[PDB]
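In this analysis, Cβ positions are derived from the backbone assuming ideal geometry, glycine residues included, and neighbour counts consider all displayed protein chains. Quick note: the coordinates plus some simple rules give every number you see, no bench work behind them.
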Ligand SMILES: [Mg+2]
Ligand SMILES: [Mg+2]
Ligand SMILES: [Mg+2]
Ligand SMILES: [Mg+2]
């Protein structure tokens, strides 16, 4: 832990500076150091951890998809040698390393200490998300196990959020959006994908009347992402 | 040299894959390995080296400017401690390291082997550019020396391009645009900045008639950047 | 138009 | 509107 000698409060302050600077690798490393201090994370600190790693893995997924596409076009075609495959493997190995880093943080020991609905559902969502990114690139004998590790984390998160959070809760809506996409493009379950997004959209719509203007904006922002997916899929 | 065991041709192929993937750190590292093979660089390979490092240093300069700005606002104000200064220093040290890497490549040994106008002017421009980025963050006793190392490289490039290239040559126009900006915002010479850009714009305009349609587009694209700067400065 | 997941890249 | 230099970031 290269961050072990910095103050937790300085690690958090520098993650926010690094967001403002669009330095997401620094942001992630700062938030990694903060988590490794061993204290629970606040709501804001959880968002910083999520935002930081999502931008890092997002750059790697975009890069992976471009190289996977070139590599497929070269397997249809004039042989160019092993360079496309080797580079796509290097990026992929880096991507798997980032997903393993996040999963290790959730397993040591964020999830076992998360007693509140909002914290536990948040981390269980992250676990599903980072198993899903692994599954996007998996081809071997562990692909089925990876998919099931995503499904299992997503399901436990869904069970808690159903019992403990209103249908408009932004973490609950984000979980359902992502779980829906998992059904669609990972689990080959497009009907399940569509059913969960309609049901999520409809139940939140009925709860909107209970909300303040700011909560209303938060929730309706995510309902619009659910509706966009459904428009794309139907 | 972590790239010493890869083929020069594979290093070049992977720099182009890394551009397509928007992986500019990989792109730069690949082009660094290619240069360290010790062979001269072709016109295309020079562009790959320039593009790769420009995107890397560009991310660091943007990050530096955001942190320098926050740091100044906090020195006007509620004390927040040393975190802003420490993080701006870390980014700055990384930026200086990238500029030193490029300058070491030009000095060992790209410039001494560049006998053609187009290659030598290209590298001398790069030398001026990367001394200019160092000068953007310099505050100590070497700032004056850094500025003069930029001016000196820019001038030698300008002398060769004046003797050896037509006024519409894209490397010559890019050199004058950048040298102009050096005068404006580094050397405190806004009149010199304006004079060089008008003179560059005017001499190329008179040479446009000698050009093919594609050369015409190349050159007029860069004359428009010269005109934009002049519109901003006058 | 890519399907949405949260959070989104910058 | 920032003044231009070449090459430009992606
Ligand atoms: Mg430390
Ligand atoms: Mg059906
Ligand atoms: Mg090697
Ligand atoms: Mg005047």
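Separation of segment B:9-27 from segment A:197-222 is 44 Å, based on Cα centroids. Computed from the Cβ-Cβ distance with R0 of 22 Å, the FRET efficiency linking residue A:207 to residue A:164 stands at 0.95. Rg ratio for segment A:189-234: its Cα radius of gyration over 2.2 N^0.38 Å, N being its residue count, equals 1.21.
Only Cα sites of segment A:1-113 enter the Debye sum here, all with the same form factor; the resulting log10 I(q)/I(0) across q = 0.16, 0.19 1/Å is -0.75, -0.93, listed in q order. Eigenvalues of the alpha-carbon gyration tensor of segment B:134-183, scaled by 5 and square-rooted, set the equivalent ellipsoid semi-axes at 25, 11, 6 angstrom, largest first. Temperature 25 °C, viscosity 0.890 mPa s: under these conditions the Stokes-Einstein estimate for segment B:67-159, based on its Kirkwood radius over C-alpha pairs, is 165 µm² per second. Helical runs (DSSP H, four residues minimum) scored at -39500 (n - 2.57) apiece and divided by the length of the protein assembly as shown put the mean residue ellipticity at 222 nm at -24500 deg cm²/dmol. Take the Cβ atoms of residue B:113 and residue A:86, set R0 to 25 Å, and the FRET efficiency comes out at 0.25.
For the protein assembly as shown, the orientation-averaged shadow of the C-alpha convex hull comes to 28.5 nm² (one quarter of the hull surface).
Need the C-alpha centroid separation for segment B:77-107 versus segment A:80-130, integer Å. A separation of 29 Å, based on Cα centres. Placing dummy labels 7 Å off each Cα toward the beta-carbon, the span from residue B:36 to residue B:155 is 3.4 nm.
Rounded if a/c is under 1.5, else prolate if a/b is larger than b/c, else oblate: which is segment B:11-66, with a ≥ b ≥ c the root eigenvalues of its Cα gyration tensor?
Taking the square roots of the gyration eigenvalues as a ≥ b ≥ c, segment B:11-66 is prolate.
Over segment A:98-144, all Cα pairs binned in 10 Å intervals from 0 give whole-percent P(r) values of 27, 47, 22, 4, listed from short to long. Given segment A:141-234 reduced to its alpha-carbon atoms as identical point scatterers, what log10 I(q)/I(0) does the Debye formula return at q = 0.12, 0.19, 0.21 Å⁻¹? Per q value, in the given order, log10 I(q)/I(0) is -0.38, -0.86, -1.01. Using the Cβ-Cβ distance between residue A:16 and residue C:9 with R0 = 22 Å, the FRET efficiency computed as 1/(1 + (r/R0)^6) comes to roughly 0.75. Taking a label point 7 Å from the Cα of residue A:47 along the Cα→Cβ vector, which residues of segment A:83-106 have an amide N closer than 20 Å to it? Hits in segment A:83-106 for residue A:47 at 20 Å: none. In terms of its C-alpha gyration tensor, segment A:8-234 comes out oblate, because a/c is 1.5 or above while a/b does not outweigh b/c. Mean per-residue shielding of peptide A:12-19 is 4, counting Cβ atoms of other chains within 10 Å of each Cβ.
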